[PDB]
């Protein structure tokens, strides 16, 4: 066998964290049009048979809180896990409405020893966020 077993009772969960409005004090500007992405992703993963859950404008605390809980759930009858992060960010960092969260932190909740229900199953993280401030000028 060389391909992931996708015949489990269910394709799995698809968590979409869509942050559009940040606290004034963070200095972070609103991410317009992000609702279009979240609506699109929701419809696409629905037809792929994933149980989708949209969460909007979560604080750093809630983001971690959500990941912690999603990991403690039982994924025995689920084939895979998908997490989509739509927000501001920097290298290895994604912004909660009230402040930054380092990726590694929420990623660890799903690694081998931690989320044994997903062990051996594909954990996919789709991230729409900045990774710094460099601009690509292109060529030709």
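Positions refer to the first chain, counted from 1.
Student: Hey, which bit's got the bigger mean C-alpha B factor in the entry, 21-29 or 115-123?
Tutor: Here the higher of the two C-alpha B-factor means belongs to 21-29.
Student: Between 31-39 and 81-89, which has the higher average C-alpha B-factor in the PDB entry?
Tutor: Going by the record's values, the stretch with the higher mean is 31-39.
Student: Taking the chain's C-alpha temperature factors as the reference, tell me which third residue 63 falls into: lowest, middle or highest.
Tutor: Ranked within chain, residue 63 CA B lands in the middle tercile.
Student: Within this chain's modelled residues, let me know which third the CA B factor of residue 76 belongs to: lowest, middle or highest.
Tutor: According to the entry, residue 76 has a C-alpha B-factor in the chain's highest third.
Student: If you rank the chain by CA B-factor, which third does residue 55 end up in: lowest, middle or highest?
Tutor: For residue 55, whose C-alpha B-factor we compare with every modelled residue in the chain, the answer is the middle third.
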